[PDB]
Amino acid sequence: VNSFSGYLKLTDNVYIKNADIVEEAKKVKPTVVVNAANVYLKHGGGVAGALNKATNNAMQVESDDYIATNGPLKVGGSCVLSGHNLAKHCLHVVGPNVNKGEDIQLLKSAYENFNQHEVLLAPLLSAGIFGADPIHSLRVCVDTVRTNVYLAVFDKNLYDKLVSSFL
Ligand SMILES: OC[C@@H](COCc1ccccc1)Nc1ncnc2[nH]ccc12
Ligand SMILES: [Cl-]
């Protein structure tokens with residue numbers, strides 16, 4: 001039993017809700033919140049910009065030190081950093097950005113990072129400003145993640161389409 005509330009159950013381990021991941025994280029304070037990161041951990045917009053804003057830019061300051069030490073992430077890769085005031089940890093995961101010409105096949109690799117954590121609050125990877133089809137992202141999530149994932153879909157209209165079209 002966990003403290004996630006109001007989610008629709010899609011499979012044994014995947015759940016979904018129309019919610020703002022920032023507000024969800026503040027309420028639940030989950031062990032792991034997933035950020036929709038880029039390889040430079042530059043949290044400018046989308047989920048990343050919103051999560052960073054909620055940390056009063058502390059996520060960005062920590063991220064800049066991470067990059068200065070380690071260099072950029074790989075597309076499909078991840079790193080674990082602090083969750084600041086939002087969660088214990090933030091798993092920064094880089095899905096492919098179609099608006100940069102990146103290989104959508106890397107979306108499965110991106111979701112594989114979730115399997116290193118027993119329970120996660122997460123957005124749909126490569127959705128939103130990353131330009132991939134969210135119906136596809138949800139399908140890859142369900143077919144790749146085996147740990148317990150609670151998906152927050154910010155847009156109410158898109159949420160209804162994902163549910164009604166879910167196979
Ligand atoms: O795939 C993740 C994207 C999808 O939403 C954007 C969108 C706009 C119009 C139509 C479809 C989709 N972003 C988020 N998801 C959850 N919580 C969030 N908080 C702030 C951003 C954000
Ligand atoms: Cl977005």
Side-chain angles (χ1 to χ4, degrees), residues 3-10 14-60 63 73 75-78 81 83-87 89-114 117 119-145 148-166:
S3 65
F4 288 102
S5 177
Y7 285 76
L8 179 67
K9 184 168 176 61
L10 296 175
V14 180
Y15 297 81
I16 196 167
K17 181 184 183 182
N18 170 221
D20 179 350
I21 193 172
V22 170
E23 290 312 317
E24 272 295 296
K26 286 191 286 185
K27 182 71 174 185
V28 176
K29 310 227 199 307
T31 303
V32 180
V33 66
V34 173
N35 182 31
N38 58 53
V39 298
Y40 308 109
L41 303 180
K42 290 304 182 198
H43 310 303
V47 169
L51 293 172
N52 177 56
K53 179 179 175 186
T55 75
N56 184 43
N57 210 51
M59 177 179 286
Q60 191 64 66
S63 293
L73 296 180
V75 179
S78 70
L81 291 171
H84 300 278
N85 52 317
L86 303 175
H89 307 285
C90 178
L91 181 69
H92 295 272
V93 180
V94 184
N97 190 325
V98 174
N99 302 314
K100 300 181 182 174
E102 293 166 356
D103 186 7
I104 192 62
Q105 308 304 307
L106 291 168
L107 186 55
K108 187 174 184 75
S109 302
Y111 274 117
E112 287 171 343
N113 295 288
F114 289 24
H117 302 277
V119 183
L120 314 88
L121 171 61
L124 287 168
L125 297 179
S126 296
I129 68 174
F130 280 59
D133 181 353
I135 298 175
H136 181 61
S137 183
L138 178 56
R139 188 75 255 166
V140 178
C141 181
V142 163
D143 293 340
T144 305
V145 182
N148 291 327
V149 57
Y150 289 81
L151 294 168
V153 179
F154 176 60
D155 190 74
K156 168 59 173 172
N157 285 326
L158 169 61
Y159 169 81
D160 289 349
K161 186 186 179 194
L162 294 160
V163 166
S164 297
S165 63
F166 185 73

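One-based numbering along the sequence shown. Computation of the quantities below employed the complete heavy-atom set of this structure, encompassing side-chain atoms and omitting hydrogens, waters and symmetry-equivalent molecules. Note that ligands are numbered from 1 as they come in the structure, with each ligand's atoms numbered from 1 the same way.
Neither side chain, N18 nor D155, offers a donor N or O lying under 3.5 Å from an acceptor on the other.
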(request) Evaluate side chain to side chain contact (heavy atoms under 4.5 Å, CB included) for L91 paired with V33, printing each intermediate quantity in order. (result) CA-CA 6 Å; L91 181 69; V33 66; over 6 Å; no
(request) Go through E24 and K27 one step at a time and tell me if the salt bridge (charged side-chain N to carboxylate O under 4.0 Å, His left out) criterion holds. (result) CA-CA 5 Å; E24 272 295 296; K27 182 71 174 185; over 6 Å; no
(request) Please test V119 against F4 for side chain to side chain contact (heavy atoms under 4.5 Å, CB included), starting from the C-alpha separation and ending with a verdict. (result) CA-CA 11 Å; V119 183; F4 288 102; 3.9 Å; yes
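The protein heavy-atom contact nearest to atom 6 (C) of ligand 1 is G128 CA, 4.0 Å. Scanning the protein heavy atoms around atom 22 (C) of ligand 1, the nearest turns out to be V47 CG2, 3.1 Å. Closest to atom 12 (C) of ligand 1, if we only count protein heavy atoms, is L158 CD2, 3.6 Å.
Within the structure, the closest approach of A36 to ligand 1 does not fall below 4.0 Å when heavy atoms are considered.
Heavy atoms only, all atoms of each residue included: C90 and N35 are closest at SG-CB, 3.6 Å.
Listed by number with element, the atoms of ligand 1 under 4.0 Å from a non-hydrogen atom of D20 are 19 (N). Close approach to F154 involves these atoms of ligand 1, each under 4.0 Å from a residue heavy atom: 14 (C), 15 (N), 16 (C), 17 (N), 18 (C), 22 (C). Near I21, meaning under 4.0 Å from one of its heavy atoms, ligand 1 places the atoms 17 (N), 18 (C), 19 (N). Atoms of ligand 1 lying under 4.0 Å from any heavy atom of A127, numbered from 1 in the order shown and given with element: 1 (O), 2 (C). Those atoms of ligand 1 that come under 4.0 Å of a heavy atom in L124, given as number and element, are 1 (O), 2 (C). Set against the non-hydrogen atoms of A152, the atoms of ligand 1 under 4.0 Å away are 15 (N), 16 (C).
Heavy atoms of other residues, nucleotides or ligands lying less than 6.0 angstrom from CZ of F154 number 12 at most.
The distance from atom CD1 of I21 to atom CG of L151, rounded to the nearest 0.5 Å, is 9.0 Å.
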